[PDB]
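Form deposited in one PDB entry, single chain, as structure tokens, below.
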């Protein structure tokens, strides 16, 4: 190859030829704002970079074609990033989220590798032929750490170091190199952190570092330079280019920097998702976050039960497992103000209301197949609840004050509730019994009400002891209805019939705005307190703080694994009972058909038609 030196500065990535020593040219990119960490992939000569202003990781070819953003969510300060050229994996470290993560080079199958007791991981270096990765930490007590490249066997390699940067492996000579930003030194050690040596002690401000053949290269922010010296003696110092202020990173682009082999290089280890290098020449198959590795040690299966919780501009997933796996952002594009969420466990698709767009939208959990279900004539959806058997979304409309019903593919079913003085807000459906529950925020008269799923059999359950009942949940197994009142700052429950009303919690609650049932636990979100909390409906283990310091909480929704055999025993799950619009569970074990308020049931007693 032609050996190239690439460097980031401001919003540009530029290249200097190392055989001509002075030919400088910018990579023709658009949309970069703050270019930071750099790497490349030897097999296709793609370049990769992070951006601290956009909080993204992107890749492109050096002529600017195939510009793609491969990581776009869940980053804060992605200051370290490296390409695993053998397994075709992308690694990065974030000083904001305190995480080291991996994905495929196109961003698929993101997994969190290190997150516990991690204080600002900054500079990252990979050795996939051996199976180790190395990084510096800038938090608390700075240090250089080592782990397997599946995140296991984490150990401290260099304990006595300042904030360090430009961590670089000389793969040929088995040396580590870095700059110390607190002592302004360039140092080297062997792969075990031993045989330490100071390479240069007379540089005022060495920031970035890399290595190629007999030379180390660095940037100096006080000398506004990229410079080069003999990697063992520190001599033969030369100026690669001057008048370059604040160069954030430098990278030697040459195939000799990415050599070697591991099993991942040949058929990805027969791994379905990730092939991760593990120490001394090994490999292990890995899975996206919250997935599990099957008994064949090669294939991954998605989680069957989990918790979803939304913020203003993010939807997250949480699992309750022994590993205490971290929560993960879902990579759903174009969220602006998420107000409410739901999930279809049949087709495994997430649904949400965005009150900036006044839209109901849906996508798969990996963020693909984004689709608009409801859109504007002025609508303003407030809450939504899916009937998974008839395959309908029930949702409340704040502008027109109706309950409207829509098929999962966007075709409208119709409104089932409307009254001049009605203000339907929170809603949850119980298709197992044929009922729907909603809060009704009438002026000076808030209510909790229930009705059949076609709007008939409407009755007020509760009208006293309510100020702003803002969220509803229910559980068929427990046979219970749950609500939060953000004004009275308390959580209540009753039987689904409305009997046995009881306050569950009213202490240390500031602004409860959502709640959900997961097995025997009632979870809720406290917006003002920035917390998720849960309580045990059996009364045995009490009340637990699930996660704190979560800003802009908007909704929470638990997903239990679908019992497919049991699902298909619901009468409305088979062809909607033959009903064109609404299928009602009678309670006789039988089903009758019904219609939205603008249509009439026809003679076949299955079809709805336009009124005479």
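Each form is matched to the other, and the largest set of C-alpha atoms that superpose within 1.5 Å is called the rigid core. Residue numbers count along the first chain shown, from 1.
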Residue gap status of residue 485, at least a third of other entries: no
Residue 153 unmodelled in at least a third of other compared entries: no
Residue 376-residue 377 interval: deposited residues absent from the model: 4 to 9
Of 292-300 and 386-394, the stretch whose C-alpha atoms average the higher B-factor in the entry: 292-300
Comparing 356-364 with 230-238, the one whose average Cα B-factor in the PDB entry is higher: 230-238
Peak C-alpha temperature factor (PDB record), options 505, 76, 321, 454: 321
Out of 492, 541, 342, 101, residue topping the C-alpha B-factor column of the entry: 541
Third of the chain's Cα B-factor distribution that residue 557 belongs to, per the entry: lowest
For residue 37, the third of its chain into which the C-alpha B factor falls: middle
Residue 5 by Cα B-factor - lowest, middle or highest third of the modelled chain: middle
For residue 43, the third of its chain into which the C-alpha B factor falls: highest
Relative C-alpha B-factor of residue 425, binned into the chain's lowest, middle or highest third: lowest
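Same protein, other form: the form deposited in another entry, not shown, and the subject of what follows.
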Of the candidates 335, 240, 83, 265, the only Cα that travels 2 Å or more between this form and the one not shown, given a rigid-core fit: 335
Cα displacement of residue 36 between this form and the one not shown reaching 2 Å, rigid core superposed: no
C-alpha of residue 368 off by 2 Å or more between this form and the one not shown on rigid core: yes
